[PDB]
Structure formats: structure tokens, C-alpha cells
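>>> For now just these chains, pulled out of the complex without moving them:
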Amino acid sequence: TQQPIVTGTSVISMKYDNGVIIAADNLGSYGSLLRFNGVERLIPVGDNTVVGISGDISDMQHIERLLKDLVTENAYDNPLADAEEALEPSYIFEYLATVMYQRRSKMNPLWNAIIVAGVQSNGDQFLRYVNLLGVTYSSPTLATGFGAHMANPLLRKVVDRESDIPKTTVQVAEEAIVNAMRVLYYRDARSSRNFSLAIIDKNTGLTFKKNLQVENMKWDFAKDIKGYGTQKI
């Protein structure tokens, strides 16, 4: 048992017709102090999987090393390491899910919430969640922390059920993700303007976007707000 020290906030994601999108901001908070402003919380594994991690950053870096080591180990005595016997999103997730549940069972958890986003060999979209308790679930949209409360409602308006996935394009899906990231910046006190976004498409492959910013913000109406009730000036 411990407590999280340096922490990362929401990771948000959704499925679309040809793949999956995942995003997370670049902040490493130290309680109320916004300590580290250049933290990458989306970690790609091969060219078909992106693991988005929130919560304790020291445990994130540990998980990052496990995944790095997993790729190395998979390549050993494996002539088809870059083909038929490459790491799948489902393999990577199940491994993490096993570790998370084992660690919680020893009363020494990895203090994280994780979303594994990717595309399988047969082109099927993969999107599944796991956290410090070893709890797992899948959904057309997935989000951690504040994202669960604010991003999911917005993303579910685009893809409300399974049958909405083929009707959703990559442009519409990315637009929804970017809007959600803006809303989180308005309302989450442990978020930053800077974020990373990753698209895993079955046709165009893995597109990893860094140094994105929240833009088109509405603040002008603030000038008209005066006092807390009766004050006019």
C-alpha cells in the first residue's frame, strides 16, 4: 500500500469506423502543484497499439519499461516478430491486466488507470480499460478520471452503441476527442493545455501527434460577470 505522488490526469479514447483514437495531456502534477509540463503519457507498442496511462507517474515509467522489455522478449527466437507473431493489442492488454490484478492481490498496487487502444491482425478495433484494482471493461468510448465524467458524455453522443461505429469517420471522431480535451481544460483543475493524440487506423497505421494545444476557447463572456449577486460595478 502506498499513495500516488506525481500524477497524470484523464486519458480519453473512442472507436471509429476504421480504428481507434486515444489522447492524454502532458502534465505531471504534484498534488495541487502543476510540477512537470513535458510528460508523455501515451506510449506506443509496435505500430498497432498505444497504451494511455493515468495516475502515478513513477508506476507509469515502470509499466513503460515492462512494455519495452515485452517487445524485446517477443523478438527472441521469433523470425515472424515483425509479421504474424508480432505483439497484438489484446496480448499487451492481457499482460498488463494480469500484472495489475496480481499487484492488487499482494496489497501493493500499481496506482494507475490504463487504456490500451489498438487494431488487431484481422482489422478489428481494440479498446479496453484496466486499473489498480485489476478491474477491466470495454466500451465504444473509454475515459479515466475526470474524463469518465466529462469526456464520455460528449463522446457517447457520437458513438452511443456498437452500430454507430461504422457510421463514425476519423474526422468526426478526432473532432470529438479534441473538443473533449478543451472541456477538460475548462473544468479539470489538474489538467494542462498541452496534450498528445494518437490514431491507430487499420489502413493508414499509427499516427502519433505531439505538442497539440487546446484552441478556440470561449472566455470573452467573463468580462460581463461582476460580483456574486448584487454587485453592479
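Thanks, I have the structure now. Numbers count the residues shown, from 1 in each chain, chains lettered A, B, ... in the order given.

>>> which residue ranges form the helices in chain A?
Applying DSSP state H to chain A gives helices spanning A:57-75, A:89-105, A:146-156, A:170-187.

>>> contacting residues around residue A:200?
By CB atoms under 8 Å, 6 or more residues apart in numbering, residue A:200 lies in contact with A:19, A:20, A:21, A:22, A:48, A:49, A:50, A:117, A:118, A:119, A:206, A:207. To be clear about C-beta, it is placed using only N, CA and C from the backbone, and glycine gets the same treatment.

>>> re earlier: out of the helices of chain A, which is closest to residue A:127?
helix A:89-105 (8.5 Å; CB to CB).

>>> on that earlier part again, of the helices of chain A, which stretch is the most buried?
When you average the neighbours per residue for each of the helices of chain A (mean count of other CB atoms under 10 Å), helix A:146-156 leads with a mean of 20.

>>> Going by contacts, tell me the helices and strands next to it.
strand A:11-16, strand A:141-143, helix A:170-187 (3 or more CB pairs under 8 Å, 6 or more residues apart in numbering; DSSP states H and E).

>>> Dump these to a markdown table, plus distance to residue A:2.
A markdown table is the format used below for these (distance: least, CB to CB, whole Å):
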| stretch | distance to residue A:2 |
| --- | --- |
| strand A:11-16 | 21 |
| strand A:141-143 | 25 |
| helix A:170-187 | 26 |
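
>>> Stretch A:180-187: how far from the chain's middle?
14 Å (CA atoms, centre = their mean, to the nearest Å).

>>> Stretch A:69-87 too?
25 Å.

>>> send the alpha carbons of that stretch over as CSV?
Taking Å, rounded to 0.1, in the frame of the first residue of the first chain, the C-alpha atoms of stretch A:69-87 are listed here in CSV:
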residue,chain,number,x,y,z
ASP,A,69,11.0,-5.3,-22.3
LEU,A,70,8.0,-7.2,-23.7
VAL,A,71,8.9,-6.1,-27.3
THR,A,72,12.5,-7.3,-26.7
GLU,A,73,11.4,-10.6,-25.3
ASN,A,74,8.8,-11.2,-28.1
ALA,A,75,11.6,-10.8,-30.8
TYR,A,76,13.7,-13.5,-29.2
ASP,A,77,13.8,-16.7,-31.4
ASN,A,78,11.0,-15.3,-33.4
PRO,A,79,11.5,-14.9,-37.2
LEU,A,80,8.0,-13.6,-37.6
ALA,A,81,8.4,-10.9,-34.9
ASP,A,82,7.6,-8.2,-37.4
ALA,A,83,4.7,-10.1,-39.1
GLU,A,84,2.4,-13.0,-38.0
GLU,A,85,3.9,-13.3,-34.5
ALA,A,86,4.1,-9.6,-33.7
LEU,A,87,2.6,-8.2,-30.5
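
>>> Can you tell me what sits against it?
Residues contacting stretch A:69-87 (CB under 8 Å, 6+ apart): A:45, A:46, A:48, A:49, A:92, A:95, A:121.

>>> residues near the last one, how many?
Right, residue A:121. Residues near residue A:121, counting by other CB atoms under 10 Å, number 12.

>>> Another chain to add, chain B:
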Amino acid sequence: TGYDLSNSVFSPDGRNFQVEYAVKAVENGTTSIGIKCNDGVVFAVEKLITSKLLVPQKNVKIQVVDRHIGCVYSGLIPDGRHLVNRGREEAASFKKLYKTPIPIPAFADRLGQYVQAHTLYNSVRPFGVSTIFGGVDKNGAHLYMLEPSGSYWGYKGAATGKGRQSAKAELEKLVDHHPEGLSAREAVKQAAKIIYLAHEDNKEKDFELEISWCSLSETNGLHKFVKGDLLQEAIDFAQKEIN
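Once chain B is put in with the chains from before, the structure reads:
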């Protein structure tokens, strides 16, 4: 007499006959070589086709350690696999603690100490393999060869197995004729030739050629197998030289 019946026993000469008997198992094995080039290393091995029923290109002999080290060996194949498994554990614990990938000289000693430890007790048998290995690190390219005794040195070119004398002679010519150095793509071609020339010692059965390489320019300092057109190009070059 009786000094050769137990491992780790010094004979009146000061010799460990059990290690010398392990060398005989190595000498009985197929030919494997290593060539140090300008910015990397090249490994090649002779695979005897015992039967038509063997699936081509499937029974891979050369093994990778970490992502930057290549390992090949002659003698008892399982013993080599055991040594590579240990090498992988050694490389993982090094990278775990020190972050950086294990340097080749550092890696060489890890294997060396482990093999040497199997000459210290009668409760274990020495390794029945000579292992040629190496790769690229921060200080550049390195090639090593490790014997059953645990003895290893750095090499410009290395060879072991049944056709080692033939191979060694060919490697010595390259060192003399190329003091300024040899390129990676050249080394692959030369490696193919040397294996074909060394095959005269195992001329009864036909064979399959297998090559790998680590090069700073050609492979970004990562270990990769030579495949497809580049492999066929090396085979054609090798076949042309024997005729």
C-alpha cells in the same frame, strides 16, 4: 591416471581434460564464423541439410540477445541455447539497473564468467560449444569468440567448428588485404563465400546458408537477419567464387 574422469580436476600437467573433451564436441559441430567490419559485425553459419524433409529457412541457428547483440555457436546446439538464455538474463538485469543497453565487452565477460563457473565443480559439465558473438555499442563494433574453458578474446575475424582451419585461412587473407577496413555489405558477401569454402570439410551432405548482421549504417546498430534479395545476392557471389 583418472584425472580426465571428473570436471574441475587438474591433471599433473595443470590441465582440465574435461574442458579439452568439450572442445572435441565443438570441433565435431558445423562451421560458424564472425566478421568484424567498418561499423559493425557479420555472423554466418553452416546448416547441414540432413534430409529433404527439413523445412528450408525454419530451423534458425543464429540467436539475438537484447536488440543489438548477435550470437552463433558450433557444437552441442542445446548448450548454446542455454548460454544465450543466460546472456539474455544478464543483458536484461544490466539494462534494468543501468538503463543503457549492455556494452559488448561487458556482455562478453558475463558469458565468460558463467562458462568459467562450469569448470569449477565436478557437479556440472563444461559447455560443449564455442560461441561467436558481438554487435554495436557506444564505443563502436565488437566481435568476440568464447571457448568451453570460459576463455574469450576480441577478434577481427573468428571461426569455429569442423571447417575452422579453412575459414581461418580465408579470414586471414581479408585482414591482410583490407587494413583500412571492410564494409558491412562486403562482409556479408565475404561471409557467404567463407561458409561455402568451409563446406568442403562437410562435403557429403548439402547445406543451407544463414547470415545475420549488426551495422551502424545498414541496420541502425540493431541485429537483423539477412533475407531475400540481399541473401540471394550473397549466395550468388559465393557460388561464383567456388567455380
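
>>> Please re-evaluate the contacts of stretch A:69-87 in the presence of chain B.
A:45-46, A:48-49, A:92, A:95, A:121, B:57-58, B:60, B:63-64, B:66-67, B:88, B:92, B:225 (CB atoms under 8 Å, 6 or more residues apart in numbering or on different chains).

>>> rerun that using 10 Å as the cut-off
With contact meaning CB atoms under 10 Å, 6 or more residues apart in numbering or on different chains, stretch A:69-87 is reached by A:45-49, A:67, A:91-92, A:95-96, A:118, A:121, B:57-58, B:60, B:63-67, B:81, B:84-85, B:88, B:91-92, B:95-96, B:101, B:222-225, B:227.

>>> Stretch B:6-25 now?
Residues contacting stretch B:6-25 (CB under 10 Å, 6+ apart): B:1-5, B:74-76, B:79, B:115-116, B:118-130, B:147-151, B:160.

>>> filter the residues you listed to the buried ones?
B:74-76, B:79, B:115-116, B:118-119, B:125-130, B:147-150, B:160 (16 or more other CB atoms under 10 Å in any protein chain shown).

>>> among those residues, which are in helices?
B:79, B:115, B:116.

>>> Find the nearest non-adjacent residue to the second one, please.
The spatially closest residue to residue B:115, leaving aside those adjacent along the chain, is residue B:150, at 4.2 Å (CB to CB, 6 or more residues apart in numbering or on different chains).

>>> Might one say that that neighbour is in contact with residue B:113?
Yes: counting by CB atoms under 10 Å, residue B:113 is a contact partner of residue B:150 at 7.1 Å.

>>> Does residue B:145 touch residue B:167 like I think?
No: Residue B:145 lies out of contact with residue B:167 (CB under 10 Å); the separation is 11.8 Å.

>>> When those two are compared, which one has more neighbours?
Between residue B:145 and residue B:167, counted using other CB atoms under 10 Å in any protein chain shown, residue B:167 has the larger neighbour count: 27 against 23.

>>> how near is the more buried one to chain A?
Separation of residue B:167 from chain A (CB to the nearest CB, to the nearest Å) stands at 25 Å.

>>> For that residue, give me phi and psi.
phi -60, psi -50 (degrees, to the nearest 10).

>>> related to what we said a few turns ago, just the buried ones from the contacts of stretch A:69-87, in ChimeraX syntax?
Buried subset of the contacts of stretch A:69-87, written as a ChimeraX selection, criterion 16+ other CB under 10 Å:
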select /A:45,46,48,49,67,91,92,96,118 /B:63,64,65,66,67,81,84,88,91,92,95,101,222,223,224,225
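
>>> Sort out for me which of the contacts of stretch A:69-87 are in strands.
In strands, judged by DSSP state E, the following of those are found: A:49, A:118, B:63, B:64, B:65, B:223, B:224, B:225.

>>> Bridged to the fourth one, which residues?
Using DSSP bridges, the bridge partners assigned to residue B:64 are residue B:70.

>>> Would you agree it is in contact with residue B:213?
No: using CB under 10 Å, residue B:64 makes no contact with residue B:213, being 11.5 Å away.

>>> Give the residues shared as contacts by these two.
B:70, B:135, B:222, B:223, B:224, B:225.

>>> Return the closest of those with respect to chain A.
residue B:225 (7.3 Å; CB to the nearest CB).
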